[PDB]
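*Asks:* Mind having a look at this structure? Questions to follow.
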Number of protein chains: 2
Amino acid sequence: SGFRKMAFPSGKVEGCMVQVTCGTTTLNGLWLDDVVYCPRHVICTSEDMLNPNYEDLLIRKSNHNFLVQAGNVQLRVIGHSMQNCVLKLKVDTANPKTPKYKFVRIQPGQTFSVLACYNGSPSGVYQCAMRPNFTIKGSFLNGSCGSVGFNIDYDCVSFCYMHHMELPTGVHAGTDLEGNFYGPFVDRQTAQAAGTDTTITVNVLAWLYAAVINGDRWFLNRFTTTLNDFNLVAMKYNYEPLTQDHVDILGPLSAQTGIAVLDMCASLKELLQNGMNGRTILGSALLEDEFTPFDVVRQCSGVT
Amino acid sequence: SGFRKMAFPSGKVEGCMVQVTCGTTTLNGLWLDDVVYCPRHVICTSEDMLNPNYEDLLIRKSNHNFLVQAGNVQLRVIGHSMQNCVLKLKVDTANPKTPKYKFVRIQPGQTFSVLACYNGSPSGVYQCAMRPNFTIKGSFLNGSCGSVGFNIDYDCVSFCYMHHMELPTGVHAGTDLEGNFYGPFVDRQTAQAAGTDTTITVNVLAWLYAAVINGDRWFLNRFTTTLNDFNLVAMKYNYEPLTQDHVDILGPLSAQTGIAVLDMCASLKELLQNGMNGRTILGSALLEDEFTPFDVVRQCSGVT
Ligand SMILES: *C(=O)c1cccc2[nH]ccc12
Ligand SMILES: *C(=O)c1cccc2[nH]ccc12
């Protein structure tokens with residue numbers, strides 16, 4: 001028993017991290033097969049970031065200008081191209097540590113692990129969720145750009161995120177591995193305000209199921225609700241509307257605990273309306289929303 | 001910016017995990033050089049755990065009874081010995097993935113990462129603290145025994161914990177890598193109640209400094225306090241007494257923020273006395289105590 005904000009083992013990703021330098025800018029790159037993926041803003045100076053013309057800036061760069069280092073060994077760059085907001089640096093050597101991998105574009109509410117890196121070296125790993133406003137609440141300092149988000153299914157690493165920037169509000173924006181930003185964000189230093197950060201209702205419910213499975217049951221009540229009634233309360237508290245798809249996804253957790261999804265929604269409704277009254281759930285004093293129903297099943301069953 | 005409960009990159013430890021089976025019991029082992037370390041309760045049946053005589057149970061076991069598997073390859077056991085509550089299985093092959101390592105016995109209040117494993121396979125990584133009552137609040141299911149806790153300093157892995165058991169209260173107990181339990185716990189299925197789980201005051205203060213560094217400042221007040229006055233409040237709230245050693249350890253954080261340690265203690269005192277009033281600090285609605293002052297500096301500076 002016990003329930004923790006758990007990240008995937010980072011080893012498969014650690015073997016892919018490299019350092020990319022272009023001019024005076026150093027960030028991280030992801031080396032998979034004979035391609036190194038990195039944010040295209042590696043070609044910018046802090047001054048260029050105000051209004052950069054990436055195509056024009058890239059014309060002044062040749063293969064020899066991208067310095068790619070894996071550990072202490074230099075990789076030879078034999079090609080470069082820009083795909084959306086990422087650069088693809090073709091190198092002459094396939095990464096021998098390349099795991100089985102996929103590039104996936106995740107939906108808001110889905111979780112992933114981040115391997116924070118600096119100078120191609122890993123500093124730490126933590127679990128994130130893509131927020132409904134397409135930002136992530138990470139831990140990234142200057143030099144962390146190019147650090148990636150991923151999920152692991154047995155031996156396959158699904159890369160879903162690459163770090164690009166911090167908004168003036170302290171939240172983070174990045175792209176999928178095709179270089180398309182999540183949300184409306186652009187790789188420019190301009191007024192980019194994030195929209196409403198709503199709570200991921202289905203994840204909160206999944207975490208309430210995890211609480212019951214791990215012994216915390218004080219919040220269970222004698223009530224039930226309907227999807228429409230619950231959603232009226234969810235609207236009031238800036239929670240995402242719960243759908244029948246969400247109810248269906250919570251089916252296995254409902255089956256394991258014997259608590260019907262709508263009964264758990266009524267517990268959640270009372271928790272939103274009355275608060276925790278100084279109590280905690282799974283060591284938290286707020287309703288946690290960065291565990292998907294898949295994460296709860298995975299952690300509660302011990303999938304490796 | 002941004003502050004997360006971050007674990008160390010787990011790759012160096014992933015390469016050390018193996019599966020150990022003895023009879024019908026399968027748990028994890030740690031393969032370092034030509035020795036595999038695992039909990040001695042691998043030789044027990046669930047029935048033996050009530051009152052096990054480990055020396056007598058071990059007499060009935062030979063080298064060929066300990067099945068050690070690294071991935072899908074079988075390791076040959078050429079010796080076995082019991083050191084305290086761990087078994088040391090000498091194998092004929094040195095682990096080629098052995099990192100630079102140390103075995104350290106940590107003090108209560110210190111943090112470490114845990115690589116949860118099942119059948120020698122990693123499932124996830126999370127950050128823990130050794131509680132003042134010598135338990136850890138982990139996420140461990142049956143089969144996770146032998147999963148280890150560690151810290152990393154550049155290329156050296158300092159192993160500090162090996163998982164052995166869950167107390168009837170849902171908290172976890174384990175040993176250092178010499179097989180000595182943290183706290184008064186024994187590898188027996190008996191009434192083992194944990195003592196008072198006090199809050200790690202110096203860690204809470206370090207996390208308050210992290211909050212100020214990352215933009216959350218609402219809790220800063222116009223007050224100061226003394227070590228003795230603060231400790232009277234800390235006693236009342238089951239917080240560990242703050243010492244001058246703790247103040248000294250917070251020196252670099254005090255210097256970086258310009259907030260004197262005792263002024264931060266006065267903010268903490270007001271937070272204990274008045275609560276959060278429905279507000280949050282670094283996305284938490286309670287005072288976080290599983291970040292040491294070293295963790296805060298490390299994460300805020302980006303050490304790899
Ligand atoms: C990313 O790593 C990044 C973003 C902004 C500024 C900066 N300087 C160096 C690297 C960066
Ligand atoms: C540890 O992994 C462990 C503890 C208690 C019970 C159990 N059965 C198999 C393995 C275990």
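Chain labels run A, B, ... following the order of the structure tokens; each chain numbers its residues from 1, and ligands are numbered from 1 in the order shown.
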Pick out the chain B residues within 8 Å of chain A. Count only C-alpha atoms. Give them as a ChimeraX atom specification.

*Replies:* /B:1-12,14,115,117-118,121-126,137-141,166,170-171,284-286,300-304

*Asks:* Report as a count of residues only all protein, DNA and RNA residues lying within 10 Å of segment 97-112 of chain A, evaluated on only C-alpha atoms, omitting residues in the same chain fewer than 5 positions from it.

*Replies:* 60

*Asks:* Name the residues of segment 44-265 of chain B that fall into strand (DSSP E) according to DSSP on the backbone, using the chain letters and numbers of this document, as number ranges by chain.

*Replies:* B: 66-70, 73-75, 77-83, 86-91, 100-103, 111-118, 121-129, 148-153, 156-166, 172-175

*Asks:* For the structure I just gave you, how does DSSP split segment 52-273 of chain A - specifically, which residues are alpha helix (DSSP H)? Reply as a ChimeraX atom specification.

*Replies:* /A:54-59,201-213,227-236,244-249,251-257,261-273

*Asks:* Mind listing the residues within 10 Å of ligand 1, only C-alpha atoms and all ligand atoms counted, as JSON, numbers by chain?

*Replies:* {"A": [21, 24, 25, 26, 27, 28, 39, 41, 42, 44, 45, 46, 49, 117, 118, 119, 140, 141, 142, 143, 144, 145, 146, 147, 163, 164, 165, 166, 187, 189]}

*Asks:* In Å, rounded to a single decimal, give me how far atom CA of residue 168 of chain B is from atom 3 (C, counted along the ligand's line) of ligand 2.

*Replies:*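 Atom CA of residue 168 of chain B lies 13.5 Å from atom 3 (C, counted along the ligand's line) of ligand 2.
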
*Asks:* Record the distance separating atom CA of residue 206 of chain B and atom CA of residue 279 of chain A, expressed in Å with one decimal.

*Replies:*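 Computing the Euclidean distance for atom CA of residue 206 of chain B and atom CA of residue 279 of chain A yields 23.9 Å.
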
*Asks:* Any idea what the distance is between atom CA of residue 228 of chain B and atom CA of residue 216 of chain B?

*Replies:* 27.1 Å

*Asks:* Identify, on the basis of only C-alpha atoms, every residue whose closest approach to segment 261-264 of chain B does not exceed 6 Å; exclude the query and any residue fewer than 2 positions from it along the same chain; express the result as a PyMOL selection string.

*Replies:* chain B and resi 224-225+254+266-267

*Asks:* Would you save the residues of that selection, restricted to C-alpha atoms, as a PDB file, in the first residue's frame?

*Replies:*
```pdb
ATOM      1  CA  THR B 224      10.598  37.759  13.933  1.00  0.00           C
ATOM      2  CA  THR B 225      11.072  35.157  16.695  1.00  0.00           C
ATOM      3  CA  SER B 254      18.936  32.894   3.972  1.00  0.00           C
ATOM      4  CA  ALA B 266       8.207  33.674  12.474  1.00  0.00           C
ATOM      5  CA  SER B 267       6.395  33.151   9.137  1.00  0.00           C
TER       6      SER B 267
END
```

*Asks:* Check the smallest atom-to-atom distance from each of B:232, B:211, B:43, B:70 to ligand 2 using only C-alpha atoms and all ligand atoms, then report the winner.

*Replies:*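 Counting only C-alpha atoms and all ligand atoms, the residue closest to ligand 2 is B:43.
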
*Asks:* Which residues come within 12 Å of residue 60 of chain A, counting only C-alpha atoms, excluding same-chain residues fewer than 6 positions away, as a PyMOL selection string?

*Replies:* chain A and resi 22-23+43-44+53-54+66

*Asks:* Got a sec: who's within 8 Å of residue 88 of chain B, counting only C-alpha atoms, leaving out chain neighbours fewer than 4 positions off, as a ChimeraX atom specification?

*Replies:* /B:35-38,80-83
